[PDB]
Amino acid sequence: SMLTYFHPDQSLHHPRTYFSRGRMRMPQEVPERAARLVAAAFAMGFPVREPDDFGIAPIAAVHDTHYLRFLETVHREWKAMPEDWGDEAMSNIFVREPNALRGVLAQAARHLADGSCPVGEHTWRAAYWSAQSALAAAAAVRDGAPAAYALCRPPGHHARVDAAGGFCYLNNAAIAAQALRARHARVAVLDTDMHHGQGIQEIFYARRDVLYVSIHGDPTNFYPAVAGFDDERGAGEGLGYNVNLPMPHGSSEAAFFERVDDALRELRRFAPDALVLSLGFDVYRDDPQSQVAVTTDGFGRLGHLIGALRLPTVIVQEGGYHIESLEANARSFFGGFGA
């Protein structure tokens, strides 16, 4: 058993509009994901609690405040434009700079980094409370709990210092790592979600107080497409403290646990005082976003390998979109973590 944090306002976010790979697409990051995960927590006896409100400052500790202002007001500003612009803020102008940042359209152009981060009426509210779950889990562990589960939804690891992306708005995991830093000198973030966490990579790129390690599918024509390659090793004093571990599309379960063995070598050498685990079930064989053949039992083995580290660990929910397997995969993972 460990504390699991989830706020019901997290279910309110449900936008309809996603642009990807030439066409508009069906939403995959839906409220039902959190319903299945809560069911799994219940079946394992975990207490599921509402996080306290830690306020904006710990979010601002990671994200640029002009981005957070944008995020908070964009739906209201988008609603004041013609009915014809629709109900969800999205960017159709793909320019960070040069950029005057005058008007909501120019602001979307800077602060929404792909066609997968629509901002609806309840998006900021849901995103805010998903970050608070991360913070609550981080607080619990900071104060002495060996582990807690942040049941984050919307997910976070694609959110950059000043831009949303890939169904993410606020980088829950990075926010949790920065909270742990108040007490621990060395924090590691390990991300095993199917996709590279380009947001987490960017936030800590020039730093060595937080290690980042990611196992993910080869980003050649695969989200996030422009980062995640193995020659991205950090900058300045962060050089040597960012490790990308990509896998060929169509990899075996074995190849994934090879990458987990690389990750465990990097962690041993860094010797972290605390761990944030960005966990995704989209490595599952039947997840439609999957590029590796991880089985339900595989999640149990991953859970065991990380739990045996006996580090203070905040587990932060990221992706995984195959609704009917979420409960089984979560239960296998947490069963291995606790054995």
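One rule holds for the numbers: they count along the sequence shown, beginning at 1.
Stretches 271-279 and 294-302 differ in mean CA B factor, with 294-302 having the higher one. As recorded in the PDB entry, 47-55 is the stretch of 308-316 and 47-55 with the greater mean C-alpha temperature factor. Between the residues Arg181, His216, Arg259, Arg110, it is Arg110 that shows the highest Cα B-factor in the PDB record. As recorded in the entry, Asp143 carries the highest CA temperature factor of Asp209, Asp114, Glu202, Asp143.
Annotation for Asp84: CA B-factor lies in the highest third of the chain's modelled residues. Sort the chain's modelled residues by C-alpha temperature factor and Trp78 lands in the highest third, per the entry. Per the PDB record, residue ranking by Cα B-factor puts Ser133 in the lowest third of the chain. Ranked within its chain, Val104 lands in the highest third, by CA B factor from the PDB record. Split the chain's modelled residues into thirds by C-alpha temperature factor. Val119 is in the middle one.
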